[PDB]
Amino acid sequence: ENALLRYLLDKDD
Amino acid sequence: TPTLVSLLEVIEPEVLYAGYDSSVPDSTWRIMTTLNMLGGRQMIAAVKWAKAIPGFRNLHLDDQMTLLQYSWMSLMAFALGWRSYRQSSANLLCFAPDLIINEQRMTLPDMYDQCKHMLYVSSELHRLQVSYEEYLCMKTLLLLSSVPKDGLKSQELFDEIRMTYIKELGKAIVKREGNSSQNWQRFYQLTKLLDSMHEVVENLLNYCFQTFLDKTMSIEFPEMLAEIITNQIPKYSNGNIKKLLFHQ
Ligand SMILES: CC[C@@H]1C[C@](O)(C(F)(F)F)[C@@H](Nc2cccc3[nH]c(=O)ccc23)c2cc(F)c(F)c(O)c21
């Protein structure tokens with residue numbers, strides 16, 4: 001669930 | 001030491017273009033579709049923006065996700081209201097430099113009924129003569145304007161950060177030379193505008209949730225928006241939202 005948002009927050013920048 | 005408001009200023013997102021071909025005629029469906037794709041790109045930049053807000057990365061990751069999912073429409077409508085008040089007044093919505101919703105575009109079937117709530121935002125910023133510093137503090141406060149019914153994981157820290165940006169808004173108000181009585185009424189006026197964002201957003205989310213759910217309308221949402229709407233629809237139906245207010 002909410003994969004893209006989690007990725008954008010967890011990734012660098 | 002660099003001021004807190006100057007740190008909010010440096011992280012202001014870059015201007016995005018809609019990629020709208022104005023040689024091709026307009027339609028409500030075309031404008032709505034283009035705006036959905038722009039919104040998704042604005043929301044990807046809003047994530048990058050939020051991560052650079054002092055204090056925000058210190059909140060639990062689940063709280064960071066929550067705040068961005070509740071406030072997405074509030075942040076977008078407020079930023080739009082600001083662009084529209086600065087670029088060209090009065091009754092124009094300045095989504096992107098290549099996509100301004102003019103009087104001719106406003107006459108399009110049901111264009112006005114969805115635009116009027118956003119026109120109210122720019123109208124209010126204009127009437128209140130909102131400054132760049134006040135705007136920056138107000139925008140960060142909109143990110144922190146809704147929490148889950150049973151609060152956040154880092155609720156205590158959130159309350160500290162939210163108080164910090166309220167105090168930051170206060171400092172921006174004071175910068176406009178005036179007495180305690182007019183400073184108190186300015187803070188009252190600006191926080192009343194912040195509160196009214198909940199109602200402005202309510203109207204935009206109704207169009208949003210309908211167009212997303214009715215597949216017969218062929219109204220496409222990009223992944224970022226489709227993911228937010230899918231997450232938010234059950235939260236509104238189960239009463240899982242505490243809309244923070246400054247008044248009442
Ligand atoms: C179906 C409602 C639709 C949704 C949407 O496109 C959303 F998906 F981006 F939220 C919305 N667009 C925006 C609202 C507020 C600020 C915005 N800032 C941007 O940079 C880009 C989009 C944006 C919207 C706006 C309208 F004027 C409409 F007529 C609509 O039908 C909508």
# chains A, B, ... in the order shown; residues from 1 in each chain; ligands from 1
>>> interface_residues(of="chain B", to="chain A", cutoff="9 Å", atoms="only C-alpha atoms", output="PDB file with N, CA and C atoms, in the first residue's frame")
ATOM      1  N   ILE B  44       4.766  15.104  -6.705  1.00  0.00           N
ATOM      2  CA  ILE B  44       6.104  14.486  -6.609  1.00  0.00           C
ATOM      3  C   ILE B  44       7.107  15.562  -6.094  1.00  0.00           C
ATOM      4  N   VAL B  47       6.641  16.294  -2.264  1.00  0.00           N
ATOM      5  CA  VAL B  47       7.328  15.310  -1.414  1.00  0.00           C
ATOM      6  C   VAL B  47       8.773  15.773  -1.184  1.00  0.00           C
ATOM      7  N   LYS B  48       9.473  16.181  -2.259  1.00  0.00           N
ATOM      8  CA  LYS B  48      10.843  16.681  -2.186  1.00  0.00           C
ATOM      9  C   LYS B  48      10.901  17.945  -1.310  1.00  0.00           C
ATOM     10  N   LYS B  51      10.284  17.085   2.660  1.00  0.00           N
ATOM     11  CA  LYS B  51      11.498  16.467   3.217  1.00  0.00           C
ATOM     12  C   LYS B  51      12.581  17.490   3.605  1.00  0.00           C
ATOM     13  N   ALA B  52      12.564  18.673   2.975  1.00  0.00           N
ATOM     14  CA  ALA B  52      13.526  19.732   3.243  1.00  0.00           C
ATOM     15  C   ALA B  52      13.013  20.759   4.286  1.00  0.00           C
ATOM     16  N   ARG B  57      11.449  15.608   8.596  1.00  0.00           N
ATOM     17  CA  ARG B  57      12.137  14.310   8.491  1.00  0.00           C
ATOM     18  C   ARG B  57      12.294  13.630   9.859  1.00  0.00           C
ATOM     19  N   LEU B  61       8.159   8.011   9.740  1.00  0.00           N
ATOM     20  CA  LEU B  61       7.898   7.895   8.310  1.00  0.00           C
ATOM     21  C   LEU B  61       6.391   7.790   7.984  1.00  0.00           C
ATOM     22  N   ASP B  62       5.623   7.026   8.798  1.00  0.00           N
ATOM     23  CA  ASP B  62       4.173   6.868   8.653  1.00  0.00           C
ATOM     24  C   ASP B  62       3.446   8.215   8.801  1.00  0.00           C
ATOM     25  N   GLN B  64       4.861  11.223   8.145  1.00  0.00           N
ATOM     26  CA  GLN B  64       5.264  11.983   6.967  1.00  0.00           C
ATOM     27  C   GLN B  64       4.307  11.666   5.807  1.00  0.00           C
ATOM     28  N   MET B  65       4.006  10.368   5.625  1.00  0.00           N
ATOM     29  CA  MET B  65       3.095   9.853   4.605  1.00  0.00           C
ATOM     30  C   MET B  65       1.683  10.348   4.850  1.00  0.00           C
ATOM     31  N   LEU B  68       1.247  14.292   4.200  1.00  0.00           N
ATOM     32  CA  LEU B  68       1.244  14.564   2.767  1.00  0.00           C
ATOM     33  C   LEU B  68      -0.050  14.088   2.074  1.00  0.00           C
ATOM     34  N   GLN B  69      -0.624  12.976   2.534  1.00  0.00           N
ATOM     35  CA  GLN B  69      -1.858  12.434   1.953  1.00  0.00           C
ATOM     36  C   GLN B  69      -3.107  13.205   2.353  1.00  0.00           C
ATOM     37  N   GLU B 223      -0.325   7.920 -11.405  1.00  0.00           N
ATOM     38  CA  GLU B 223      -0.001   7.063 -10.251  1.00  0.00           C
ATOM     39  C   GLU B 223       0.024   7.787  -8.886  1.00  0.00           C
ATOM     40  N   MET B 224       0.724   8.927  -8.796  1.00  0.00           N
ATOM     41  CA  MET B 224       0.862   9.679  -7.551  1.00  0.00           C
ATOM     42  C   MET B 224      -0.495  10.091  -6.980  1.00  0.00           C
ATOM     43  N   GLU B 227      -2.867   6.951  -6.181  1.00  0.00           N
ATOM     44  CA  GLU B 227      -2.410   6.370  -4.907  1.00  0.00           C
ATOM     45  C   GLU B 227      -2.911   7.187  -3.685  1.00  0.00           C
ATOM     46  N   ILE B 228      -2.873   8.525  -3.763  1.00  0.00           N
ATOM     47  CA  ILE B 228      -3.369   9.407  -2.704  1.00  0.00           C
ATOM     48  C   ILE B 228      -4.897   9.272  -2.542  1.00  0.00           C
ATOM     49  N   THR B 230      -6.934   6.784  -3.582  1.00  0.00           N
ATOM     50  CA  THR B 230      -7.224   5.428  -3.121  1.00  0.00           C
ATOM     51  C   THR B 230      -7.035   5.334  -1.602  1.00  0.00           C
ATOM     52  N   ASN B 231      -5.978   5.978  -1.070  1.00  0.00           N
ATOM     53  CA  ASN B 231      -5.674   5.991   0.361  1.00  0.00           C
ATOM     54  C   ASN B 231      -6.680   6.846   1.152  1.00  0.00           C
TER      55      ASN B 231
END
>>> residues_around(residues="range 71-81 of chain B", least_positions_apart="4", cutoff="6 Å", atoms="only C-alpha atoms", output="list in words")
residues 121, 122, 143 and 201 of chain B
>>> write_last_selection(atoms="C-alpha atoms", output="PDB file, in the first residue's frame")
ATOM      1  CA  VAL B 121      -8.043  31.519  -2.407  1.00  0.00           C
ATOM      2  CA  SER B 122      -6.265  34.031  -4.726  1.00  0.00           C
ATOM      3  CA  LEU B 143       0.919  20.485   5.530  1.00  0.00           C
ATOM      4  CA  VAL B 201     -10.552  21.471  -0.343  1.00  0.00           C
TER       5      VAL B 201
END
>>> residues_near_ligand(ligand="ligand 1", cutoff="9 Å", atoms="only C-alpha atoms and all ligand atoms", output="number ranges by chain")
B: 16-18, 28-29, 31-43, 72-81, 93-96, 101, 110-116, 118, 201, 204-212, 219, 221-222, 225-226
>>> atom_distance(atom1="CA of residue 19 in chain B", atom2="CA of residue 233 in chain B")
29.2 Å
>>> select_by_dssp(residues="range 68-146 of chain B", states="strand (DSSP E or B)", output="ChimeraX atom specification")
/B:93-96,99-101,146
>>> residues_around(residues="residue 12 in chain B", least_positions_apart="3", cutoff="9 Å", atoms="only C-alpha atoms", output="number ranges by chain")
B: 8-9, 49, 136
>>> closest_residue(among="B:126, B:55, B:139, B:109", to="residue 90 in chain B", atoms="only C-alpha atoms")
B:126
>>> select_by_dssp(residues="range 29-241 of chain B", states="helix (DSSP H, G or I)", output="PyMOL selection string")
chain B and resi 29-51+56-58+61-87+103-106+111-127+132-143+155-174+180-213+215-217+223-237
>>> atom_distance(atom1="CA of residue 4 in chain B", atom2="CA of residue 176 in chain B")
17.7 Å
